[PDB]
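Throughout, protein chains are lettered first and strands after them, A, B, ... in sequence-line order, and every chain is numbered starting at 1. Remember, it's 1-based here, ligands and their atoms both numbered in the order they're listed. Below, all heavy atoms of this structure are taken into account, side chains as well, without hydrogens, waters or symmetry copies.
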Amino acid sequence: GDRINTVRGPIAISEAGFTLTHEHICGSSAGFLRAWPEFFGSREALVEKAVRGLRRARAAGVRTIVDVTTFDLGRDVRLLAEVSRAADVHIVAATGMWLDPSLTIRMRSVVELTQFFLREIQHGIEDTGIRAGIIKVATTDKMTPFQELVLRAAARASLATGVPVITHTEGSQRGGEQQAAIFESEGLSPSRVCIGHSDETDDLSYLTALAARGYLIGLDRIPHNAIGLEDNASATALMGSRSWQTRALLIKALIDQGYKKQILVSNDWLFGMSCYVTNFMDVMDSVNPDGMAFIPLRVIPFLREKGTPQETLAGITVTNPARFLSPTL
Amino acid sequence: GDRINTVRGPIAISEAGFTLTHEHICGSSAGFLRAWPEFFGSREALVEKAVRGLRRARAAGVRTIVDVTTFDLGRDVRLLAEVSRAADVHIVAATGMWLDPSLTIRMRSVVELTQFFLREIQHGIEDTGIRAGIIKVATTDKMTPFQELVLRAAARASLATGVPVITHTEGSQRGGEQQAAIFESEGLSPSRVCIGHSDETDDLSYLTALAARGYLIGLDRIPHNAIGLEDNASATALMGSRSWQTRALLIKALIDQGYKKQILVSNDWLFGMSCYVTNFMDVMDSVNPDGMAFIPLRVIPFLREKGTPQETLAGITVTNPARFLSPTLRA
Ligand SMILES: C[As](C)(=O)[O-]
Ligand SMILES: C[As](C)(=O)[O-]
Ligand SMILES: [Zn+2]
Ligand SMILES: [Zn+2]
Ligand SMILES: [Zn+2]
Ligand SMILES: [Zn+2]
């Protein structure tokens, strides 16, 4: 209610500071980092790259990241704990479920998924005692039956704990609306929900409608663009053609519509990546050398150039994440 | 060559004894036992049940089991080591890949799959130093393109190390033939391959043809029969409608055809199971209270009553697993 759980323990709301609400130390799959660490060079190579990247972000103003890596995205909470300490940046760990649930997970019911999410929030992740401070879910272009089950369990978990829900959206079929519908069917308050990856579209009518219903809007893939890489069908299919300025202009567009309190901005960056083509991390790094420092080094000065008040920018990067992460019913 | 790697270390071929070549301590998914141990009551409860069942198997004559639980089936090699030590039963761990590879696995090349399998065979599983003694692969009714990749990687890993390959088959479209074709195209000897879940069909002609080519035949699901309960469609869809005696007669049939040296017999049992419906483990346990002791307590006596000679039954349970598991790159 006035404290948030991090991988180093509980902190006061005021200690969060500049917060990136959608990031990753490592994007992977369940158990993979432990079974084949040499895929990332080594576990130590990954730690070192991540510590280095978080220090760069820290030097640029970032105090806290929310790692929205879930069980099926290969979340390694011990990795998060080590990297948090070494880089001296707060990290909030996630529960929930992304788009790659294993057979065991796909066989579970809403009540079983709720119990799993609650365990990671209320008791801790694995045998670490480290508690989730956020619930991450995801749907495809069209939501599948199992995805709905995850969203219902997430709502049930949120209603029992006050922990907020962040979503992954994709495609053209306005996924956020499908999700919002399920959430409200479970009686979940929109103010507890961040509809993520919303900068992926230029449909401003879609975002304002969601915001007008009280939903937080996640503009979290700002640096993700092919800044001179069309000779990679893999990149264009997982990055895009809209420049980071185009994505950044949605932030100001929503501000101008009166929704500054509903905006959450992030990089959706990572330091290791195994769930796409080999070495794609190198391609991402070539495009955005700033890493998680992209938002404070590039996006923030840009919005200020376009006339955005310091009061507003401070509110988006500090107040909004604080209000959102603070457990509330 | 003369040594097999177990979760407690290397052992001489001659120490393996009565070996069950297709079993599981726990059937799950990657990372699941560590993330939600309470699904199995507790990790501690799972250990206690596994030790209990392994000791009963040991009492009935079993000295070694091959745990063919892969990465994607949630293999926990530390769990295996712990139950092996407590029960005093050798356990051989697996590498390879079953039917549920994650997105990371599905994105990898044959080269990378091969390297991962080789890592688990040559250096160790995770950070434990425990090396895999078998490669486990699987295909569905109609083999998919990624499954082919996994089989090719397994062939390449086998050729580099001499470690054998065990397969999962399912469906009616003779998957073992699809598998054999891929292995041989990579240059793998059928003598390094056990085509598993072969007792799922009564097609004896399909089996003798495989055995004639030099393949080991895994009759590994003998107690998996839904006979005794018809009010469980989940149990009929995963177990069977044929009797265990029927499955066990396939053993005698293949011996009678002259293929005693190619036969590998097992229960394909487990002590925990999260891959299916909740408490499906309870259903299996009610059908087969003997667990992994089903083969030595029921199937071996049944075969003696069928007039299968003792020396033959011993060759199947002792000599055939030893020859199979012993790392071999002929000549
Ligand atoms: C690239 As993602 C769906 O793990 O934020
Ligand atoms: C039931 As199985 C495919 O894990 O032997
Ligand atoms: Zn996402
Ligand atoms: Zn993400
Ligand atoms: Zn199988
Ligand atoms: Zn099996």
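- Each of B/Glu23, B/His24, B/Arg75 was compared with B/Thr69 under the side chain to side chain donor-acceptor pair (under 3.5 Å) criterion, and only B/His24 meets it.
- Checked against side chain to side chain contact (heavy atoms under 4.5 Å, CB included), B/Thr140 has the following partners two or more places apart in sequence or in another chain: B/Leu99, B/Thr144, B/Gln147, B/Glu170.
- Of the listed residues (B/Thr21, B/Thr6, B/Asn267, B/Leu54), just one forms a side chain to side chain contact (heavy atoms under 4.5 Å, CB included) with B/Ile65, and that residue is B/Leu54.
- In this structure, a donor-acceptor pair under 3.5 Å is absent between the side chains of B/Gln179 and B/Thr169.
- A search for side-chain hydrogen bond (donor to acceptor under 3.5 Å, both in side chains) contacts involving B/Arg58 returns B/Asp88, not counting sequence neighbours.
- Within 6.0 Å of the NZ atom in B/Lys261, the count of heavy atoms belonging to other residues, nucleotides or ligands does not exceed 12.
- Side-chain contact of A/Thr278 with B/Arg108: a donor-acceptor pair under 3.5 Å is present, judged by distance alone.
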Measure and list all N/O to N/O distances between ligand 2 and the protein that fall under 3.5 angstrom.
from, atom 1, to, atom 2, distance (Å)
ligand 2, 5 (O), B/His197, NE2, 3.4
ligand 2, 5 (O), B/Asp268, OD1, 3.0
ligand 2, 5 (O), B/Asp268, OD2, 2.8

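- Between the side chains of B/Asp268 and B/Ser266, no donor N or O sits under 3.5 Å from an acceptor N or O.
- For the Zn ion (ligand 5), the set of protein N/O/S atoms nearer than 2.8 Å consists of B/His168 ND1, B/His197 NE2, ordered by chain and number.
- When ring centroids are compared, B/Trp244 and B/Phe302 come within the 6.0 Å threshold.
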